[PDB]
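Encoded as structure tokens, the following chain is the form deposited in one PDB entry, with no partner shown.
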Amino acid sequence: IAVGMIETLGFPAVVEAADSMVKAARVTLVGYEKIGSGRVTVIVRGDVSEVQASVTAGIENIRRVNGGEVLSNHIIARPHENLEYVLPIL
């Protein structure tokens, strides 16, 4: 099951990404990650095509947020088992 994530400069933007993502498709919102410098990441899990739907919707909708910026985004279709317990993507 695929993992999708959107990284924002700012917190209100990550919440809108999160919201848009879980409304747009069949994905489980599996938390968010803070790494400093105002960089925050929301992460979801589901079918690869649902996760694409989610990420696209998430990026689009930070245009709605006043002062929002997407810094990065990515999808992995077939994430290796080892990552589940090292990284906070579960």
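Start at 1 with the first residue shown and count on from there. Only residues modelled in both forms are compared. Between two forms, the rigid core is the largest collection of C-alphas that superpose within 1.5 Å.
There is another form of the same protein, the form deposited in another entry; it is not shown, and what comes next is about it.
Next on the checklist: With a threshold of 2 Å on the C-alpha, tell me if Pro79 counts as moved between this form and the one not shown once the core is superposed.
Outcome noted: Superposed on the core, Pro79 moves its C-alpha 2 Å or more between this form and the one not shown.
Checklist entry - Which is it in the other entry for the CA atoms of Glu81 and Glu50, closer or farther than here, knowing they shift by 3 Å or more? => result Note: Cα gap between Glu81 and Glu50 shrinks in the other entry.
Checklist entry - Taking the shown form as reference, are the C-alpha positions of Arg39 and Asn82 brought closer or pushed farther apart in the other entry, with a change of 3 Å or more? => result Farther, not closer.
Checklist entry - Which parts of the chain move between this form and the one not shown, counting only runs of three or more residues whose C-alpha shifts are all 2 Å or more after core fitting? => result This is the sole shifted run between this form and the one not shown: 77-89.
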